[PDB]
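Rule-based calculations on the coordinates, nothing more; no lab input. Backbone-built Cβ (ideal geometry, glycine too); neighbour counts: all protein chains shown.
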Amino acid sequence: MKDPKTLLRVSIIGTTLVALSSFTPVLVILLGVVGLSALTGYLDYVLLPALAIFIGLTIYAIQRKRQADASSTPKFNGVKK
């Protein structure tokens with residue numbers, strides 16, 4: 001009887017935004033790595049640490065692909081804060 005239509009609507013709206021802000025931030029790490037490489041001059045590796053990212057990210061979609069229906073985090077899985 002509560003009919004939490006708009007109540008549930010706020011999660012998708014706020015819940016859709018995490019992934020948007022959480023997907024771009026990776027690109028920043030590479031430049032910093034390169035920046036830090038100036039110190040250790042290991043920027044040569046970059047190609048390798050990037051393999052980890054492609055392996056890590058490509059895998060991540062798939063986890064979201066099965067959950068894609070779920071979209072938001074499972075109701076059972078949550079924290080106090």
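General observations
- Qualifying trypsin sites (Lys or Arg not before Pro) in the stretch 1-74, where qualification requires a DSSP coil assignment and no more than 14 other C-beta atoms within 10 Å, comprise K2.
- Taking a quarter of the surface of the Cα convex hull of the stretch 1-69 gives a mean projected area of 6.2 nm².
- Calculated FRET value between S22 and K2, using beta carbons and R₀ = 22 Å, to 0.05: 0.10
- In Hz, Karplus ³J(HN,Hα) per residue of the stretch 63-77 (6.51, -1.76, 1.60; θ = phi - 60°; x = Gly, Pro): 5, 7, 6, 7, 8, 2, 4, 4, 6, 6, 4, x, 4, 4, 8
- Under 19 Å from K65, Cα to Cα: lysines that are on another chain or at least 8 residues apart: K75
- Computed helical MRE - 222 nm, the chain, DSSP H runs ≥ 4 contributing -39500 (n - 2.57), nearest 500: -22500 deg cm²/dmol
- Across the stretch 32-44, computed HN-Hα scalar couplings (Karplus, 6.51 cos²θ - 1.76 cosθ + 1.60, θ = phi - 60°) run x, 4, 4, x, 5, 4, 3, 6, 9, x, 9, 4, 4 Hz from first to last residue, x flagging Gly and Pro.
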